[PDB]
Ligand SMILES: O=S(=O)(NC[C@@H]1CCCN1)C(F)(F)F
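One chain comes next, on its own, written as C-alpha coordinates: the form solved without the named molecule.
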(Lines give C-alpha, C1' and ligand atoms only; values in the text may rest on other atoms or scores of the structure.)
Protein backbone atom coordinates (compact mmCIF):
# COMPACT_ATOMS: atom_id res chain seq x y z
CA UNK A 1 0.00 0.00 0.00
CA UNK A 2 2.98 2.27 -0.70
CA UNK A 3 3.25 4.27 -3.93
CA UNK A 4 5.94 6.56 -5.35
CA UNK A 5 5.02 9.34 -7.77
CA UNK A 6 7.73 10.77 -10.03
CA UNK A 7 6.83 14.26 -11.21
CA UNK A 8 5.42 17.18 -9.23
CA UNK A 9 2.45 18.09 -11.44
CA UNK A 10 0.13 19.26 -12.62
CA UNK A 11 -1.10 15.82 -13.70
CA UNK A 12 -0.13 14.55 -10.24
CA UNK A 13 -2.88 16.51 -8.45
CA UNK A 14 -5.79 14.37 -9.73
CA UNK A 15 -3.59 11.27 -9.44
CA UNK A 16 -3.15 11.92 -5.72
CA UNK A 17 -6.74 13.03 -5.09
CA UNK A 18 -7.97 9.73 -6.55
CA UNK A 19 -5.50 7.36 -4.88
CA UNK A 20 -5.77 9.31 -1.60
CA UNK A 21 -9.40 8.47 -0.86
CA UNK A 22 -9.50 5.23 1.13
CA UNK A 23 -6.59 6.57 3.18
CA UNK A 24 -4.98 3.12 3.44
CA UNK A 25 -2.34 4.08 0.85
CA UNK A 26 1.00 5.77 1.52
CA UNK A 27 2.05 8.31 -1.12
CA UNK A 28 5.58 9.51 -1.82
CA UNK A 29 6.64 12.12 -4.38
CA UNK A 30 9.91 13.17 -5.98
CA UNK A 31 10.66 16.12 -8.24
CA UNK A 32 13.28 18.57 -9.44
CA UNK A 33 11.10 21.62 -8.76
CA UNK A 34 11.39 22.64 -5.11
CA UNK A 35 8.52 25.14 -4.91
CA UNK A 36 6.12 22.88 -6.81
CA UNK A 37 6.80 19.78 -4.70
CA UNK A 38 6.43 21.93 -1.59
CA UNK A 39 3.10 23.55 -2.51
CA UNK A 40 1.75 20.14 -3.56
CA UNK A 41 2.28 18.63 -0.12
CA UNK A 42 0.13 21.37 1.40
CA UNK A 43 -2.97 19.95 -0.31
CA UNK A 44 -2.29 16.20 -0.08
CA UNK A 45 -0.59 14.36 2.79
CA UNK A 46 2.48 12.80 1.16
CA UNK A 47 6.18 12.36 1.87
CA UNK A 48 8.27 14.90 -0.10
CA UNK A 49 11.62 14.03 -1.66
CA UNK A 50 13.86 16.28 -3.76
CA UNK A 51 15.95 14.56 -6.41
CA UNK A 52 17.23 15.00 -9.95
CA UNK A 53 16.28 11.53 -11.18
CA UNK A 54 19.19 11.52 -13.61
CA UNK A 55 22.20 12.31 -11.42
CA UNK A 56 21.16 10.61 -8.17
CA UNK A 57 20.11 7.44 -10.03
CA UNK A 58 21.62 5.74 -6.97
CA UNK A 59 19.13 6.90 -4.34
CA UNK A 60 16.30 6.08 -6.76
CA UNK A 61 17.20 2.40 -7.02
CA UNK A 62 16.93 1.95 -3.26
CA UNK A 63 13.64 3.80 -2.75
CA UNK A 64 11.99 1.83 -5.57
CA UNK A 65 12.46 -1.32 -3.48
CA UNK A 66 10.50 0.30 -0.63
CA UNK A 67 7.40 0.95 -2.78
CA UNK A 68 4.70 -1.31 -4.18
CA UNK A 69 4.12 0.67 -7.39
CA UNK A 70 5.80 3.60 -9.17
CA UNK A 71 3.95 6.21 -11.24
CA UNK A 72 6.12 8.08 -13.75
CA UNK A 73 4.70 11.53 -14.57
CA UNK A 74 8.03 12.78 -15.94
CA UNK A 75 8.89 13.67 -19.55
CA UNK A 76 8.72 10.58 -21.73
CA UNK A 77 12.49 10.59 -22.32
CA UNK A 78 13.30 9.71 -18.69
CA UNK A 79 11.21 6.52 -18.69
CA UNK A 80 13.96 3.96 -19.47
CA UNK A 81 15.64 5.06 -16.23
CA UNK A 82 12.54 4.26 -14.16
CA UNK A 83 12.10 0.94 -15.99
CA UNK A 84 15.65 -0.24 -15.28
CA UNK A 85 15.00 0.68 -11.64
CA UNK A 86 11.68 -1.17 -11.34
CA UNK A 87 12.88 -4.37 -13.05
CA UNK A 88 15.84 -4.56 -10.66
CA UNK A 89 13.61 -4.61 -7.57
CA UNK A 90 10.60 -6.26 -9.26
CA UNK A 91 8.16 -3.39 -8.79
CA UNK A 92 5.28 -2.60 -11.12
CA UNK A 93 5.02 0.68 -13.01
CA UNK A 94 2.43 2.83 -14.79
CA UNK A 95 3.12 5.59 -17.29
CA UNK A 96 0.85 8.06 -19.07
CA UNK A 97 3.00 8.82 -22.13
CA UNK A 98 3.87 6.74 -25.19
CA UNK A 99 6.00 3.60 -25.03
CA UNK A 100 9.03 4.91 -26.90
CA UNK A 101 11.24 2.69 -29.09
CA UNK A 102 13.89 3.04 -26.38
CA UNK A 103 11.66 1.50 -23.71
CA UNK A 104 10.40 -1.20 -26.09
CA UNK A 105 13.82 -2.90 -25.98
CA UNK A 106 13.26 -4.30 -22.46
CA UNK A 107 10.10 -6.39 -22.96
CA UNK A 108 12.11 -9.60 -22.53
CA UNK A 109 13.78 -8.43 -19.32
CA UNK A 110 10.55 -6.85 -18.06
CA UNK A 111 8.84 -10.21 -18.63
CA UNK A 112 11.69 -12.18 -17.03
CA UNK A 113 11.46 -9.92 -13.97
CA UNK A 114 7.92 -11.23 -13.47
CA UNK A 115 6.23 -7.83 -13.06
CA UNK A 116 3.88 -5.54 -14.99
CA UNK A 117 4.42 -2.07 -16.40
CA UNK A 118 1.58 -0.28 -18.21
CA UNK A 119 2.13 2.51 -20.72
CA UNK A 120 0.08 4.78 -22.96
CA UNK A 121 -2.54 5.77 -20.37
CA UNK A 122 -4.31 9.11 -20.52
CA UNK A 123 -6.31 11.10 -23.03
CA UNK A 124 -4.12 10.46 -26.09
CA UNK A 125 -2.77 7.83 -26.21
CA UNK A 126 -5.12 6.16 -23.76
CA UNK A 127 -8.86 6.73 -23.94
CA UNK A 128 -8.55 6.75 -27.73
CA UNK A 129 -7.01 3.28 -27.41
CA UNK A 130 -9.76 2.11 -25.07
CA UNK A 131 -12.71 3.39 -27.11
CA UNK A 132 -11.16 1.79 -30.20
CA UNK A 133 -10.73 -1.71 -28.76
CA UNK A 134 -14.08 -1.57 -26.94
CA UNK A 135 -15.77 -1.28 -30.34
CA UNK A 136 -13.50 -3.69 -32.22
CA UNK A 137 -14.00 -6.41 -29.60
CA UNK A 138 -17.76 -5.79 -29.65
CA UNK A 139 -17.69 -6.29 -33.43
CA UNK A 140 -15.68 -9.51 -33.03
CA UNK A 141 -18.24 -11.04 -30.65
CA UNK A 142 -20.69 -11.03 -33.57
CA UNK A 143 -18.06 -12.01 -36.15
CA UNK A 144 -17.95 -8.58 -37.78
CA UNK A 145 -14.99 -6.79 -39.38
CA UNK A 146 -13.55 -3.27 -39.37
CA UNK A 147 -13.39 -1.54 -42.76
CA UNK A 148 -12.78 2.03 -41.58
CA UNK A 149 -11.64 3.90 -38.46
CA UNK A 150 -11.71 7.68 -38.04
CA UNK A 151 -10.83 9.32 -34.71
CA UNK A 152 -10.74 13.07 -34.07
CA UNK A 153 -9.75 14.51 -30.70
CA UNK A 154 -8.87 17.93 -29.33
CA UNK A 155 -8.47 19.92 -26.13
CA UNK A 156 -9.65 23.51 -26.33
CA UNK A 157 -11.34 26.15 -24.17
CA UNK A 158 -15.04 26.29 -23.48
CA UNK A 159 -16.81 28.31 -26.20
CA UNK A 160 -17.24 31.35 -23.95
CA UNK A 161 -13.44 31.81 -23.68
CA UNK A 162 -12.75 31.48 -27.42
CA UNK A 163 -12.71 35.21 -28.28
CA UNK A 164 -9.02 35.72 -29.01
CA UNK A 165 -6.94 35.63 -32.20
CA UNK A 166 -6.06 31.93 -31.78
CA UNK A 167 -9.40 30.94 -30.21
CA UNK A 168 -7.20 28.96 -27.84
CA UNK A 169 -5.59 28.94 -24.41
CA UNK A 170 -2.60 26.80 -23.47
CA UNK A 171 -2.73 24.36 -20.56
CA UNK A 172 1.05 23.91 -20.84
CA UNK A 173 3.93 25.28 -22.91
CA UNK A 174 3.15 25.73 -26.64
CA UNK A 175 6.59 24.49 -27.79
CA UNK A 176 5.21 21.01 -28.41
CA UNK A 177 2.05 22.00 -30.26
CA UNK A 178 3.81 24.73 -32.26
CA UNK A 179 6.52 22.35 -33.48
CA UNK A 180 3.85 19.84 -34.56
CA UNK A 181 2.81 22.11 -37.44
CA UNK A 182 6.19 21.67 -39.14
CA UNK A 183 5.76 17.87 -39.18
CA UNK A 184 4.13 15.64 -41.78
CA UNK A 185 1.01 13.47 -41.59
CA UNK A 186 0.26 10.02 -43.00
CA UNK A 187 -3.03 8.15 -43.22
CA UNK A 188 -4.91 5.63 -45.35
CA UNK A 189 -8.09 6.55 -47.23
CA UNK A 190 -10.04 4.21 -49.52
CA UNK A 191 -6.98 2.00 -49.95
CA UNK A 192 -4.54 4.72 -51.07
CA UNK A 193 -1.95 6.03 -48.61
CA UNK A 194 -2.03 9.81 -48.20
CA UNK A 195 0.99 11.95 -47.28
CA UNK A 196 0.70 15.54 -46.05
CA UNK A 197 3.77 17.77 -45.88
CA UNK A 198 4.22 20.00 -42.86
CA UNK A 199 5.24 23.63 -42.69
CA UNK A 200 3.86 26.52 -44.71
CA UNK A 201 1.68 24.23 -46.84
CA UNK A 202 0.00 22.25 -44.03
CA UNK A 203 -2.83 24.82 -43.97
CA UNK A 204 -4.13 23.27 -47.20
CA UNK A 205 -5.18 20.14 -45.27
CA UNK A 206 -7.50 21.85 -42.75
CA UNK A 207 -11.17 20.90 -43.11
CA UNK A 208 -14.48 21.81 -41.50
CA UNK A 209 -15.80 19.40 -38.85
CA UNK A 210 -19.57 19.83 -38.79
CA UNK A 211 -20.77 17.01 -36.53
CA UNK A 212 -21.82 19.66 -33.95
CA UNK A 213 -23.81 22.36 -35.78
CA UNK A 214 -23.56 24.61 -32.72
CA UNK A 215 -19.77 24.38 -32.56
CA UNK A 216 -17.37 26.02 -35.02
CA UNK A 217 -14.67 23.38 -35.51
CA UNK A 218 -11.83 22.66 -37.90
CA UNK A 219 -9.74 19.52 -38.19
CA UNK A 220 -6.55 18.25 -39.77
CA UNK A 221 -4.68 14.93 -39.91
CA UNK A 222 -2.62 13.74 -36.95
CA UNK A 223 0.85 12.13 -37.14
CA UNK A 224 0.96 8.84 -39.05
CA UNK A 225 -2.30 6.93 -38.59
CA UNK A 226 -1.04 4.00 -40.71
CA UNK A 227 0.95 2.46 -37.85
CA UNK A 228 -2.27 1.81 -35.90
CA UNK A 229 -3.29 -1.10 -38.16
CA UNK A 230 -0.98 -3.51 -36.33
CA UNK A 231 -1.76 -2.09 -32.88
CA UNK A 232 -5.52 -2.68 -33.14
CA UNK A 233 -5.32 -5.64 -35.52
CA UNK A 234 -7.37 -3.96 -38.26
CA UNK A 235 -4.93 -4.24 -41.16
CA UNK A 236 -7.95 -5.34 -43.21
CA UNK A 237 -9.29 -1.79 -42.89
CA UNK A 238 -9.18 0.38 -46.00
CA UNK A 239 -9.49 3.73 -44.17
CA UNK A 240 -7.43 4.58 -41.08
CA UNK A 241 -7.19 8.20 -39.92
CA UNK A 242 -6.57 10.07 -36.67
CA UNK A 243 -7.08 13.83 -36.51
CA UNK A 244 -7.04 16.89 -34.28
CA UNK A 245 -9.80 19.41 -33.57
CA UNK A 246 -9.62 23.17 -33.03
CA UNK A 247 -11.82 26.21 -33.45
CA UNK A 248 -11.94 27.70 -36.94
CA UNK A 249 -9.14 30.21 -37.45
CA UNK A 250 -6.57 28.60 -35.15
CA UNK A 251 -4.38 27.11 -37.88
CA UNK A 252 -4.57 30.13 -40.21
CA UNK A 253 -3.23 32.19 -37.30
CA UNK A 254 -0.34 29.79 -36.68
CA UNK A 255 0.27 30.02 -40.44
CA UNK A 256 1.16 33.67 -39.88
CA UNK A 257 3.82 32.74 -37.33
CA UNK A 258 5.38 30.58 -40.06
CA UNK A 259 5.36 33.29 -42.74
CA UNK A 260 7.20 35.60 -40.32
CA UNK A 261 9.87 33.00 -39.55
CA UNK A 262 8.94 32.63 -35.88
CA UNK A 263 8.79 28.81 -35.77
CA UNK A 264 12.42 27.70 -35.56
CA UNK A 265 15.06 26.86 -32.97
CA UNK A 266 17.66 29.43 -34.05
CA UNK A 267 19.18 31.33 -31.15
CA UNK A 268 18.05 34.85 -30.34
CA UNK A 269 20.13 37.88 -31.46
CA UNK A 270 19.52 47.59 -23.86
CA UNK A 271 16.89 44.83 -23.56
CA UNK A 272 15.55 43.36 -26.78
CA UNK A 273 11.88 44.01 -27.53
CA UNK A 274 9.41 42.37 -29.89
CA UNK A 275 9.26 45.36 -32.24
CA UNK A 276 13.05 45.27 -32.50
CA UNK A 277 13.06 41.49 -32.88
CA UNK A 278 10.63 41.44 -35.80
CA UNK A 279 12.45 44.31 -37.52
CA UNK A 280 15.33 41.83 -37.77
CA UNK A 281 13.18 39.09 -39.30
CA UNK A 282 11.47 41.59 -41.61
CA UNK A 283 14.96 42.77 -42.59
CA UNK A 284 14.40 46.46 -41.82
CA UNK A 285 16.32 48.37 -39.18
CA UNK A 286 14.61 49.26 -35.88
CA UNK A 287 12.26 52.05 -36.94
CA UNK A 288 8.91 53.63 -36.07
CA UNK A 289 5.99 51.33 -35.32
CA UNK A 290 3.80 52.30 -38.29
CA UNK A 291 6.68 51.30 -40.59
CA UNK A 292 7.04 47.67 -39.49
CA UNK A 293 3.26 47.53 -39.88
CA UNK A 294 3.61 48.00 -43.64
CA UNK A 295 6.63 45.67 -43.62
CA UNK A 296 5.06 42.89 -41.55
CA UNK A 297 1.85 42.87 -43.60
CA UNK A 298 4.08 42.70 -46.68
CA UNK A 299 5.84 39.60 -45.34
CA UNK A 300 2.51 38.18 -44.16
CA UNK A 301 1.81 38.22 -47.92
CA UNK A 302 -1.21 39.88 -49.51
CA UNK A 303 -3.57 42.14 -47.60
CA UNK A 304 -3.71 39.62 -44.74
CA UNK A 305 -5.17 42.06 -42.24
CA UNK A 306 -6.43 39.15 -40.13
CA UNK A 307 -2.92 37.77 -39.57
CA UNK A 308 -1.60 41.31 -39.13
CA UNK A 309 -4.06 42.41 -36.45
CA UNK A 310 -3.50 39.07 -34.70
CA UNK A 311 0.21 39.84 -34.36
CA UNK A 312 -0.58 43.37 -33.16
CA UNK A 313 -3.13 42.10 -30.62
CA UNK A 314 -0.47 39.81 -29.13
CA UNK A 315 1.95 42.74 -28.81
CA UNK A 316 4.49 41.33 -31.27
CA UNK A 317 4.86 44.83 -32.75
CA UNK A 318 5.07 46.54 -29.35
CA UNK A 319 7.97 47.42 -27.08
CA UNK A 320 7.39 44.61 -24.58
CA UNK A 321 10.61 42.83 -23.63
CA UNK A 322 11.30 39.52 -25.35
CA UNK A 323 11.58 36.89 -22.58
CA UNK A 324 14.92 35.19 -22.07
CA UNK A 325 14.89 32.02 -24.17
CA UNK A 326 17.21 29.54 -25.84
CA UNK A 327 15.72 30.22 -29.30
CA UNK A 328 13.05 32.15 -31.19
CA UNK A 329 10.36 29.47 -30.99
CA UNK A 330 11.13 29.00 -27.30
CA UNK A 331 10.75 32.77 -26.97
CA UNK A 332 7.35 32.92 -28.69
CA UNK A 333 6.09 29.98 -26.62
CA UNK A 334 6.79 31.96 -23.44
CA UNK A 335 4.99 35.06 -24.72
CA UNK A 336 1.84 33.11 -25.59
CA UNK A 337 1.78 31.49 -22.15
CA UNK A 338 1.85 35.01 -20.72
CA UNK A 339 -0.97 36.30 -22.94
CA UNK A 340 -3.15 33.19 -23.51
CA UNK A 341 -3.46 31.14 -20.32
CA UNK A 342 -6.45 29.95 -18.31
CA UNK A 343 -7.79 32.18 -15.57
CA UNK A 344 -8.61 30.59 -12.22
CA UNK A 345 -12.34 30.37 -13.03
CA UNK A 346 -12.11 29.64 -16.77
CA UNK A 347 -13.35 26.30 -18.11
CA UNK A 348 -11.67 24.03 -20.63
CA UNK A 349 -13.20 21.06 -22.41
CA UNK A 350 -12.36 17.85 -24.25
CA UNK A 351 -13.99 16.50 -27.41
CA UNK A 352 -13.54 13.09 -29.03
CA UNK A 353 -15.33 11.76 -32.10
CA UNK A 354 -14.97 8.25 -33.50
CA UNK A 355 -16.45 6.61 -36.59
CA UNK A 356 -16.35 2.93 -37.56
CA UNK A 357 -17.28 1.09 -40.72
CA UNK A 358 -18.17 -2.41 -39.54
CA UNK A 359 -18.90 -5.28 -41.93
CA UNK A 360 -21.10 -8.04 -40.51
CA UNK A 361 -21.16 -11.65 -41.75
CA UNK A 362 -24.63 -11.03 -43.19
CA UNK A 363 -23.04 -8.49 -45.54
CA UNK A 364 -24.56 -5.23 -44.29
CA UNK A 365 -22.55 -2.25 -43.04
CA UNK A 366 -22.87 -0.69 -39.58
CA UNK A 367 -21.93 2.99 -39.26
CA UNK A 368 -21.03 3.41 -35.58
CA UNK A 369 -20.15 6.73 -33.95
CA UNK A 370 -18.96 7.72 -30.47
CA UNK A 371 -19.10 11.13 -28.78
CA UNK A 372 -17.09 12.02 -25.68
CA UNK A 373 -17.37 15.55 -24.27
CA UNK A 374 -16.20 16.80 -20.87
CA UNK A 375 -15.93 20.25 -19.30
CA UNK A 376 -13.54 21.36 -16.60
CA UNK A 377 -14.91 22.03 -13.13
CA UNK A 378 -14.41 25.60 -11.88
CA UNK A 379 -13.36 24.69 -8.33
CA UNK A 380 -12.21 21.23 -9.44
CA UNK A 381 -9.81 19.78 -12.00
CA UNK A 382 -9.60 20.73 -15.65
CA UNK A 383 -10.97 18.46 -18.36
CA UNK A 384 -7.43 17.77 -19.57
CA UNK A 385 -6.11 16.84 -16.12
CA UNK A 386 -9.04 14.50 -15.46
CA UNK A 387 -8.65 12.70 -18.80
CA UNK A 388 -4.86 12.38 -18.57
CA UNK A 389 -4.63 11.65 -14.85
CA UNK A 390 -7.52 9.34 -14.01
CA UNK A 391 -6.86 6.58 -16.61
CA UNK A 392 -3.32 6.19 -15.28
CA UNK A 393 -4.40 6.76 -11.67
CA UNK A 394 -7.16 4.15 -11.98
CA UNK A 395 -4.83 1.63 -13.62
CA UNK A 396 -2.47 2.00 -10.65
CA UNK A 397 -5.21 1.24 -8.11
CA UNK A 398 -6.22 -1.78 -10.20
CA UNK A 399 -2.75 -3.30 -9.86
CA UNK A 400 -2.53 -2.55 -6.13
CA UNK A 401 -5.86 -4.38 -5.75
CA UNK A 402 -4.67 -7.26 -7.93
CA UNK A 403 -7.41 -6.61 -10.48
CA UNK A 404 -4.98 -6.88 -13.43
CA UNK A 405 -3.50 -10.36 -13.77
CA UNK A 406 -1.70 -9.95 -17.09
CA UNK A 407 2.11 -9.97 -17.22
CA UNK A 408 4.30 -7.79 -19.43
CA UNK A 409 4.25 -4.25 -20.80
CA UNK A 410 0.93 -4.16 -22.70
CA UNK A 411 -1.22 -1.09 -23.16
CA UNK A 412 -4.87 -0.47 -22.34
CA UNK A 413 -5.71 -2.70 -25.31
CA UNK A 414 -7.15 -5.59 -23.27
CA UNK A 415 -10.65 -5.76 -21.81
CA UNK A 416 -9.01 -6.53 -18.46
CA UNK A 417 -7.77 -2.91 -18.47
CA UNK A 418 -10.04 -0.82 -20.69
CA UNK A 419 -13.18 -2.54 -19.41
CA UNK A 420 -13.03 -1.39 -15.79
CA UNK A 421 -11.48 2.01 -16.57
CA UNK A 422 -14.14 2.91 -19.14
CA UNK A 423 -16.92 2.20 -16.64
CA UNK A 424 -15.32 3.96 -13.67
CA UNK A 425 -14.58 7.26 -15.44
CA UNK A 426 -18.32 7.91 -15.85
CA UNK A 427 -18.70 8.58 -12.12
CA UNK A 428 -15.90 11.14 -12.48
CA UNK A 429 -17.83 13.13 -15.10
CA UNK A 430 -16.44 11.66 -18.34
CA UNK A 431 -19.46 10.42 -20.30
CA UNK A 432 -19.59 9.06 -23.85
CA UNK A 433 -22.56 8.09 -26.00
CA UNK A 434 -22.97 5.81 -29.01
CA UNK A 435 -25.12 5.56 -32.12
CA UNK A 436 -25.46 3.11 -35.00
CA UNK A 437 -27.23 2.75 -38.34
CA UNK A 438 -27.14 0.11 -41.07
CA UNK A 439 -27.12 0.32 -44.87
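Numbering follows the first chain given and starts at 1.
**Student:** Could you bin the unmodelled part of the deposited chain lying between residue 269 and residue 270 as none, 1 to 3, 4 to 9, or 10 or more?
**Tutor:** Going from residue 269 to residue 270, the model skips 4 to 9 residues of the deposited sequence.
**Student:** Of 124-132 and 93-101, which one has the bigger average CA B-factor?
**Tutor:** Here the higher of the two C-alpha B-factor means belongs to 93-101.
**Student:** Which has higher Cα B-factors on average according to the PDB entry: 271-279 or 84-92?
**Tutor:** Going by the record's values, the stretch with the higher mean is 84-92.
**Student:** Per the entry, which of 382, 392, 414, 36 tops the list for Cα B factor?
**Tutor:** Each of 382, 392, 414, 36 was compared by C-alpha B-factor; the highest is 36.
**Student:** In the PDB entry, which of 305, 362, 109, 236 has its C-alpha at the highest B-factor?
**Tutor:** Among 305, 362, 109, 236, the PDB entry lists the largest C-alpha B-factor for 109.
**Student:** Looking at the entry's B-factor column for C-alpha atoms only, identify whether residue 388 ranks in the lowest, middle or highest third of its chain.
**Tutor:** Within its chain, residue 388 is a middle-third residue by C-alpha B-factor, going by the deposited values.
**Student:** Ranking the modelled residues of this chain by C-alpha B-factor as given in the entry, is residue 183 in the lowest, middle or highest third?
**Tutor:** Middle third by C-alpha B-factor.
**Student:** What third of its chain, lowest, middle or highest, does the C-alpha temperature factor of residue 218 fall into?
**Tutor:** As the PDB entry reports it, the C-alpha B-factor of residue 218 lands in the lowest third of its chain.
**Student:** Select lowest, middle or highest to describe the third in which the CA B-factor of residue 309 falls within its chain in this entry.
**Tutor:** It falls in the middle third of the chain.
**Student:** Report the third (lowest, middle or highest) to which the CA temperature factor of residue 198 belongs, ranking only the modelled residues of the same chain.
**Tutor:** It belongs to the middle third of the chain when residues are ordered by C-alpha B-factor.
Another form, the form solved in complex with the named molecule, is not on view; read the next lines as being about it.
**Student:** Does the named molecule get within 4.5 angstroms of any non-hydrogen atom of residue 222 in the deposited bound form?
**Tutor:** Close contact exists here: in the deposited bound form, residue 222 approaches the named molecule to within 4.5 Å, heavy atoms only.
**Student:** Using 4.5 Å between non-hydrogen atoms, is residue 168 touching the named molecule in the deposited bound form?
**Tutor:** Residue 168: contacts the named molecule in the deposited bound form.
**Student:** Would residue 64 count as a contact of the named molecule in the deposited bound form, using a 4.5 angstroms cut-off between non-hydrogen atoms?
**Tutor:** No, residue 64 stays farther than 4.5 Å from the named molecule in the deposited bound form.
**Student:** Whether residue 132 contacts the named molecule in the deposited bound form should be assessed with a 4.5 Å heavy atom distance threshold; does it?
**Tutor:** Residue 132: no, not in contact with the named molecule in the deposited bound form.
**Student:** Okay, which stretch from 259-267, 324-332, 116-124, 202-210 lines the named molecule in the deposited bound form, with non-hydrogen atoms inside 4.5 Å?
**Tutor:** Correct option: 116-124.
**Student:** Which residue, 384, 398, 370, 409, has a heavy atom that falls within 4.5 Å of the named molecule in the deposited bound form?
**Tutor:** Only one listed residue qualifies here, and that residue is 384.
**Student:** Out of 217, 103, 177, 336, which one falls within 4.5 Å of the named molecule in the deposited bound form, going by heavy atoms?
**Tutor:** Filtering the options by heavy-atom distance leaves 177.
**Student:** Taking only heavy atoms into account, state which residues of 94-118 are within 4.5 Å of the named molecule in the deposited bound form, ordered by sequence.
**Tutor:** Only 98 sits within 4.5 Å of the partner.
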